[PDB]
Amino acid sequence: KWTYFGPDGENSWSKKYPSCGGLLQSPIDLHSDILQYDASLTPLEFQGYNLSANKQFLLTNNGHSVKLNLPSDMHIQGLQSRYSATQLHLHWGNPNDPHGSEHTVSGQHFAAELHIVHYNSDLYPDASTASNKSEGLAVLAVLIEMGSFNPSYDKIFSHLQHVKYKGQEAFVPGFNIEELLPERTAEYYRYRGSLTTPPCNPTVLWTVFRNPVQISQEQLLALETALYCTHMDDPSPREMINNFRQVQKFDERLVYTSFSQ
């Protein structure tokens, strides 16, 4: 019921999902005029990220992204409540315009962006219930650029051929999810925002790491070309590309940084 293009694209999400036209929408451009150092922003700790290599985690193509389900023993420590993981997924562009991050920095897109979605398990029983509630969600965002081959991202990307079409599903052996995070995770942007997809609820505490990670040219091309947003038997297949929302206006507000330097 929604897409990133045509008449069911982002300008039309607010018809069926009214929060997509409401306050606190994400993503936003992170630029110097709206940044403010806040010494209250201490390092997060990533607990239970080293997933059992004896467990399997479900990877899906849900027609909007590729998603890896995560166990609720994985969590962020350092916020006021515990936030437990529920899933990760990615956003990207296309080979002719390979600049499909959702957040931008000083007006510039990165190649792609990883989101690790968490919910407030101290207040709410599960992610779905949390998603529309106060303090409900926290997302860690990693900016991705082209560079050296990244073995850790390949622990996900090596499975993409098995989830080519909408509805398909693959099992990924546990690995250390912290390997997907960049250098100096102490350095981050922090703001209160929204889901960047429908239903766009304004219930997300965003942490965007300052430093990007690298993946190779081949890995980025794989991500951009491996998936379709249609079911296997659709007689009009569509490639899953450009699955990012445009930046939203952000006026009279700050993004807090854990770094001044």
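Heads up, when I say rigid core I mean the largest set of C-alphas that superpose within 1.5 Å between the two forms. Throughout, we count residues from 1 along the sequence that is shown.
Put simply, when the other structures in 9 other deposited structures of this protein are lined up on the rigid core, the C-alpha atoms of 228-236 lie farther off than those of the other stretch, from 228-236 and 196-204. For 48-56 versus 23-31, the mean Cα distance to the shown form in 9 other deposited structures of this protein after rigid core alignment is larger for 48-56. Stretches compared: 131-139, 186-194. Higher mean C-alpha B-factor in the entry: 131-139.
Judged by mean Cα B factor in the deposited record, 168-176 ranks above the other of 99-107 and 168-176.
The PDB entry assigns the greatest CA B-factor among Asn150, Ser72, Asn120, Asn94 to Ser72. Based on the entry's C-alpha B-factors, the most elevated value among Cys200, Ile28, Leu35, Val204 belongs to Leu35.
For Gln87, the recorded CA temperature factor ranks within the lowest third of the chain's modelled residues.
For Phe57, the recorded CA B-factor ranks within the highest third of the chain. Only modelled residues enter the ranking.
Looking at the C-alpha B-factors along this chain, the one for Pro237 belongs to the highest third. Per the deposited record, the Cα B-factor of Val66 falls in the middle third when ranked against the other modelled residues of its chain.
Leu79 sits in the highest third of its chain by CA B factor, as recorded in the PDB entry.
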